[PDB]
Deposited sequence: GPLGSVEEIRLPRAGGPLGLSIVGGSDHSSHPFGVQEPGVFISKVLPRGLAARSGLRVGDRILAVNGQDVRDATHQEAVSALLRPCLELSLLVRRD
């Protein structure tokens, strides 16, 4: 498919996205399962089904669910994602 960087401002609200998957949870990776319709992730271009590859430059391709959660919560948030 295609890889995009998506940068979100860290303005203190929710990101407005949900993830599933992880190396402990067949199709491998951490995926965006929900993007709240008017939230920051949606406005920023994130889409359901996107695979999170990297969080602020940190590789999460083979991360467990909880490892990816920790990276997301850790001034801007850079998400490298793959789609299609």
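According to the record, no C-alpha positions are given for deposited positions 1-3, 29-35, 85-86, numbered from 1.
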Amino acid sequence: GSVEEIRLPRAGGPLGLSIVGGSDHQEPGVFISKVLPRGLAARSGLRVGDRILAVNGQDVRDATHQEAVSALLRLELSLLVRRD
From here on, numbers count along this sequence of modelled residues.
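We call the rigid core the largest set of C-alpha positions that still match within 1.5 Å between the two forms.
Root-mean-square C-alpha deviation from the shown form, taken over all structures in 8 other deposited structures of this protein superposed by the rigid core, is larger for 14-22 than for the alternative among 14-22 and 56-64.
Per the records, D50 is modelled in every other compared entry, just as the shown structure includes it, so no third of them leave it out. Among other compared entries that model residues flanking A71, every one gives it coordinates, keeping it clear of the one-third cutoff. Higher average CA B factor: 6-14, of the stretches 60-68 and 6-14. For the pair 49-57 and 34-42, the mean Cα B-factor is higher in 34-42.
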